[PDB]
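> Mind folding the following:
(chains A, B, C, D and E, ligands or ions: 3)
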Amino acid sequence: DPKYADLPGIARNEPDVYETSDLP
Amino acid sequence: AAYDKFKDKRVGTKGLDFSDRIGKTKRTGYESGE
Amino acid sequence: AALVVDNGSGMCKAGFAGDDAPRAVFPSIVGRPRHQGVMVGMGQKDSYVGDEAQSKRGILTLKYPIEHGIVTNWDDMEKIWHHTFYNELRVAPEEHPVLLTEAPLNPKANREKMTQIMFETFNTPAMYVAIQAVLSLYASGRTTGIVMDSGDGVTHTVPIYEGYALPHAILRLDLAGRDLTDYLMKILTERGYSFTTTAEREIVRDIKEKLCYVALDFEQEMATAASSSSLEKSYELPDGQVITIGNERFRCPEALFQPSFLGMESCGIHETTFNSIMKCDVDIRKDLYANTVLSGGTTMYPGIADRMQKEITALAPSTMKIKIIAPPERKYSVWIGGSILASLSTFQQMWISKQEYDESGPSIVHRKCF
Amino acid sequence: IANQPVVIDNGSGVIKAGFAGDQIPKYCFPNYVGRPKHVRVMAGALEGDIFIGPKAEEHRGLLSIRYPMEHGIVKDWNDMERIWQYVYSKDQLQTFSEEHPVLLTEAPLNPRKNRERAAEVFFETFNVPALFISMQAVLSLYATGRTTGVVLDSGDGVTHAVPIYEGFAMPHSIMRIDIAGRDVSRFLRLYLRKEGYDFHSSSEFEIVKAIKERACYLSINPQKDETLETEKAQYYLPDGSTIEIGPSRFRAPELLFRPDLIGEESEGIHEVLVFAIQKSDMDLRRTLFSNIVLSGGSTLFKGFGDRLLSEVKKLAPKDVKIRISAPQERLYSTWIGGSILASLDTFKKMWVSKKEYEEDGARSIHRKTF
Amino acid sequence: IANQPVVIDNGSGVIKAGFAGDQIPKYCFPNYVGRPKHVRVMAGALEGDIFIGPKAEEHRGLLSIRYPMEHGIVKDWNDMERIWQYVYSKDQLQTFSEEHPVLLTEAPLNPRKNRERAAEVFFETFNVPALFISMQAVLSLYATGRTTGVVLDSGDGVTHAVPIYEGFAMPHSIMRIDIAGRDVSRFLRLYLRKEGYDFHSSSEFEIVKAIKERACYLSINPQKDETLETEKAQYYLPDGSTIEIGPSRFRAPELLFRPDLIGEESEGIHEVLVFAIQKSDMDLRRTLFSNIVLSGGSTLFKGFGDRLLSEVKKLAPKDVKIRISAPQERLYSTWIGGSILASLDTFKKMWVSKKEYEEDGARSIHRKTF
Ligand SMILES: Nc1ncnc2c1ncn2[C@@H]1O[C@H](COP(=O)(O)OP(=O)(O)NP(=O)(O)O)[C@@H](O)[C@H]1O
Ligand SMILES: Nc1ncnc2c1ncn2[C@@H]1O[C@H](COP(=O)(O)OP(=O)(O)O)[C@@H](O)[C@H]1O
Ligand SMILES: Nc1ncnc2c1ncn2[C@@H]1O[C@H](COP(=O)(O)OP(=O)(O)O)[C@@H](O)[C@H]1O
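Numbering: from 1, shown residues only, chains lettered A, B, ... in the order given. Ligands and ions are numbered 1, 2, ... in the order given. The coordinates are given below.
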């Protein structure tokens, strides 16, 4: 978001959610 | 006198590795004097 | 109303607080004649001081009371102050308070005896001793940066950050202007021109100030100096006799950068500044590199800054920017600092009065140092 | 008066301050008091013996750093009081403490005396209209906008996990461990000493923290990266000097998963998360694995999510859907929650008024704390 | 192996060498390489440009002293290798290095690169059958004949405390500080210049070390004796000149208890001992206070036991029995331990063979060394 982007401690180029595979 | 006291003392040097290796849990050098 | 009096081993710079330049500047020397049992003429002074001792070099034995920034003969030192106050300045020591200057890491005995004389002998209303290196910052108006105040007696490097000194980072070297003069006399004698006597030593010092310069590349300059006779200059003595200094011209000042020549068994003046910065905090090193100040009259050699820049840059990191601060008026930079500090209304509280001396004792000077 | 309440996120590393309604914290500064260690010699030097926030960061080399709070517990209250005074000062928010209510965010399972003394400051020393203490985990849910989820908040001072389901918080399933970001910095320092780089000074430890943040990745398989030759990533110090971190890069952050490395008889961070879920009733366990929320600064390590998910998957039951959601503003999530909660009209009933505290005392805070 | 192992105590001040079984080290010489600074003119004059041990002690005035190792870290490896060559030479042990196994005793928490390079020399330059490196603290326990005890080994180079219980060593409770005997000698030199005694030369610094050993007492109350007028205790220099040491006797050695005097942000020797015990488990703390073992040359100062016991008693818990044990041969304790350990048959299994080193490399030293 461009609003929070001004802050120094922002995560960039990272996935939002880590999840397991649905298929066994 | 100090030599006589420690004369028959032994250590187990099998599997010994003091180094900062992460693999395979905790290690304690010198197992026993068996 | 206050007096600034720098107690230099070579030259005594004295004047009133607020003045731009010192009023009275004379050599700190006492000349006693080599008188025999044979009758002498009229108008004969037992001991000459300053310009008089410099005028009558022929007969007078010139003895510097200060050796390596330490007062060896205190009785003669009092006669220098007496000539400074009564004769040169034309002022009573009872009227004005006196600001004095000390070199860093000096013997404790100097401050103890210094304060005793001024309060007891001269009966001054107040006396404050200041560090020469600290005063030189006031002249440049800089709170941060290291100073290389090289005098006739000793050379010292005192790094100060935002007006805070690092006492552990202070380095003192006995190598100074007076040792360079003695070195020049020896190598000139090897060339042919012999200088032995005290009067001749002073003449060689006057020659040194005129001819001698710092080389950027020592080996390349000596190689070129050996090849061509373009660097060779003539000098006219007090007598009709003329001398050709030759390659020894730029050889004398090299000892500052390579003390091995004189045999000091110490690091060079460029290494002392670097070593002091390494002893300093890692954060402030950047600012010390940016603000390397050169002070005193021993840094008035032509091209000393060029040699210093090269040597410090080699020692310093490649990414770091090294800036040397060398103002035209370095010689009087310490005294001007004293005049600025003495003029400041804040310093009015820092003065030690006669009453404070009588109550506490001479030990009061040790408490009110830093 | 209903003046807008001030949100104060009392973090171990950095304190985040601002008024309710603000989207981001305006004023974020390090949580420590820097005092000058060196002696003042100049008359125009830096004034004050106390430096907080950007003044301390700029003039770090001069100052001696000392953290008042350790593992989210205020050791020195005198220093903690001055930091809250700094929040209200002209440099930070610049408002009267008597006009605005405050919203404080403390860690879970702290001593009762800690809250009592902290409250005394905001009611007695500061005449604050109203004070409300809130949980870190509950605020994170307002920021994320989810009623159901496990909040794993791994900070610099403390790491804790609080499972909250559809607004309800299970107080018996809350797990807290003392080992946090500050312990990894100390553990990395040990590896730098083994390489041969000494950082004894309080200022130098802040550079070690910066080195960790710049160049430190979490290994997915420790035995693979242990065996494989590690790339020696150079870091440039303020002076210019380069340090090769090498294998210590991934060995330092491993402490979070194996506390036996530092030599602490405790569970790993991955065990804390799963164990907290396993303590909850059978019905909710599957939903808690579905709704996992990461927070705190110690989650910012490269490959944190990948390693954590692998460790949770091994400990977690077979054929269960594990979805770990990380907000991009991991550091600022807690404060953002505070602003959202504070903006609500229900907040008027939630806080304890100055008059209410004076009548009942500490008891009111203890009842409403959780 | 039939050939007795050689014990080499690589101390910063003096290297102690001898064969296992020997009651005392036969071969003890200062750890530095002296090179002649003056020019050789006559035929039949002293042969060689390198002087080590008694030859350097006899003709010290001619030579320039240069210590290869500082704080137990080899600065110049070329010089350190030549001294190890001197240990095997006709003047010292007079034996082949390839015939006898070696036992090296380095300080704890030293750089890995120092240990790696040091070992490489004894396998590459010297064709040694087997090398085992041992800790200073562990060897001291063999000499005393105790499995349980805290070993406070304050050497010339480094001061460290290692708590060991019934053979077990807690590696996380080990505390190391660079400040040691050599730093007090440099710190005393500072006071000698302030008093007005110059010792610029590397040979003159060795006289300052001799002055320190002869005339220095540790005050029970430092501020009391600092204020009180001190008796000017005279010392006779090698040439015949008399120097008055005065207050510098007790003000110089105080550095061990107050590192803030030099300006280093480290713990005092008394804090190192107690802090190392406090890190240990609650059950063992009382036993570690009961079993305290002093080692190293820097404990030989008059009133060390009286000052240390007073400082430990203040820091230590109330109603705890504090017994400080001093071996009569404090200086030789570490070497004797090496001889005792080396004489044991269990020592054979501890060895790293030449063949083993060639196969594994540097890894073998890290795997088998503690
Ligand atoms: N232009 C110059 N060229 C060469 N040498 C110089 C020059 N100016 C000064 N010096 C040397 O520097 C020495 C001291 O400089 P000076 O001009 O006396 O300053 P100073 O502050 O009076 N020294 P001090 O007596 O300790 O206060 C002289 O004795 C000369 O040897
Ligand atoms: N990019 C990063 N990578 C790894 N660790 C980081 C990073 N940024 C910050 N940290 C660590 O996280 C800490 C910040 O913790 P913080 O979120 O302020 O805790 P709190 O919740 O107590 O306020 C820093 O001191 C540092 O140790
Ligand atoms: N009598 C003494 N009084 C005070 N200090 C001493 C005395 N004897 C030796 N020392 C100091 O102890 C040092 C000896 O250190 P040492 O224990 O031999 O070192 P290491 O344990 O590293 O081999 C000397 O260099 C000196 O500084």
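> contacts, neighbours, all on C-alpha from now
Fine.
> what residues does chain D put near ligand 2?
Contact residues, chain D versus ligand 2 (C-alpha under 6 Å from any ligand atom): D:11-14, D:155-157, D:181-182, D:213, D:296-298, D:300-301, D:331.
> Show the buried residues in those.
Using 16 or more other C-alpha atoms under 10 Å in any protein chain shown as the burial test, the residues of chain D next to ligand 2 include D:11-14, D:155-157, D:181-182, D:296-298, D:300-301, D:331 as buried.
> Filter these down to the ones in helices?
D:181-182 (DSSP state H).
> between the buried ones among the residues of chain D next to ligand 2, which is nearest ligand 3?
residue D:182 (33.8 Å; C-alpha to the nearest ligand atom).
> domains of chain C?
C:1-132+C:334-370, C:133-174+C:268-333, C:175-266 (CATH domains of a matching chain).
> chain center to the shortest one: distance?
Which is domain C:175-266. On the basis of C-alpha atoms, centre = their mean, to the nearest Å, domain C:175-266 sits 20 Å off its chain's mean C-alpha point.
> can you tell me which of the domains of chain C comes nearest to residue E:58?
Proximity to residue E:58 (C-alpha to C-alpha) singles out domain C:175-266 among the domains of chain C, at 21.1 Å.
> is that closest one up against chain E anywhere?
Yes. Under the criterion of C-alpha under 8 Å from any C-alpha of the partner chain, chain E is reached by domain C:175-266 at residue C:265.
> circling back: out of the domains of chain C, flag the one nearest chain B.
domain C:133-174+C:268-333 (29.9 Å; C-alpha to the nearest C-alpha).
> Okay, now the closest one: how far is its last residue from its first?
End-to-end distance for domain C:133-174+C:268-333: 10 Å, by C-alpha to C-alpha, to the nearest Å.
> which residue packs closest to residue C:69, ignoring adjacent ones?
Nearest-residue entry for residue C:69: residue C:153, 4.9 Å, with adjacent residues in sequence omitted and distances by C-alpha to C-alpha, 6 or more residues apart in numbering or on different chains.
> The one you found sits in which helix or strand?
Under the criterion of DSSP states H and E, residue C:153 resides outside all helices and strands.
> Measure how buried it is and give me the count.
21 (other C-alpha atoms under 10 Å in any protein chain shown).
> what about the residue nearest the centre of chain A, distance to chain E?
A centroid search over chain A (C-alpha atoms, centre = their mean) returns residue A:16, at 3.1 Å, as the residue closest to the centre. Remark: distance between residue A:16 and chain E (C-alpha to the nearest C-alpha, to the nearest Å) = 38 Å.
> same check, this time on residue C:204
29 Å.
> picking up where we left off before, next one: the residue nearest to the centre of chain A from residue D:328, what distance?
Applying C-alpha to C-alpha to residue A:16 and residue D:328 gives a distance of 7 Å.
> before we move on, back to that, correct me, but the residue nearest to the centre of chain A touches residue D:325?
Yes. Assessed by C-alpha atoms under 8 Å, residue A:16 is found in contact with residue D:325 at 6.2 Å.
> contacting residues for the residue most central in space within chain D?
Nearest residue to the geometric centre of chain D (C-alpha atoms, centre = their mean): residue D:155, 3.7 Å. For residue D:155, the contacting residues are D:11-12, D:180-181, D:295-298, by C-alpha atoms under 8 Å, 6 or more residues apart in numbering or on different chains.
> Could you find the closest non-adjacent residue to residue C:48?
residue C:31 (5.0 Å).
> Quick check, the one you found in contact with residue C:58.
No. Residue C:31 is beyond contact range of residue C:58, at 10.3 Å (criterion: C-alpha under 8 Å).
> These two - which one has more neighbours?
Between residue C:31 and residue C:58, residue C:31 has the larger neighbour count (other C-alpha under 10 Å), namely 22 against 14.
> now the more buried one, what's its secondary structure?
strand (DSSP: H, G, I helix; E, B strand; the rest coil).
> ok, it - contacts?
Residue C:31 sits next to C:47-49, C:53, C:57, C:60-63 when contact means C-alpha under 8 Å, 6+ apart.
> got the contact list for the most centrally placed residue in chain C?
When C-alpha atoms, centre = their mean is applied to chain C, the residue found nearest the centroid is residue C:151 (2.4 Å). Counting by C-alpha under 8 Å, 6+ apart, residue C:151 makes contact with C:8-10, C:176-177, C:296-298.
> ok, back up a step: considering the contacts of residue D:155, which is situated nearest to residue D:369?
For the contacts of residue D:155, the nearest to residue D:369 is residue D:11 (17.9 Å; C-alpha to C-alpha).
> Relative to residue E:198, how far out is that closest one?
54 Å.
> Can you report how many residues neighbour residue D:86?
16.
> again but with residue B:17, I slipped
20.
> contacting residues around it?
Neighbours of residue B:17 in contact, by C-alpha under 8 Å, 6+ apart: B:27, B:29, E:366-368.
> Write out the residues of the stretch 151-300 of chain D neighbouring chain C.
Counting by C-alpha under 8 Å from any C-alpha, the stretch 151-300 of chain D sits next to chain C at D:238-241.
> Next, the contact list for the nearest residue to residue B:16 once chain neighbours are set aside, please.
Using C-alpha to C-alpha, 6+ apart and skipping residues adjacent in sequence, the residue nearest residue B:16 is residue B:29, 5.4 Å away. Going by C-alpha under 8 Å, 6+ apart, residue B:29 touches B:12-13, B:15-18.
> got the contact list for stretch C:66-76?
C:8-9, C:30, C:65, C:77, C:103, C:106-107, C:110, C:152-154, C:174.
> ok, which of those residues also contact ligand 1?
Answer for these near ligand 1 (C-alpha under 6 Å from any ligand atom): C:8-9, C:152-153.
> The residue of the stretch 251-370 of chain C found nearest ligand 2: neighbour count?
Nearest residue of the stretch 251-370 of chain C to ligand 2 (C-alpha to the nearest ligand atom) works out as residue C:283 at 19.7 Å. Residues within reach of residue C:283, counting by other C-alpha under 10 Å, total 19.
> what separates it from chain E, distance-wise?
16 Å.
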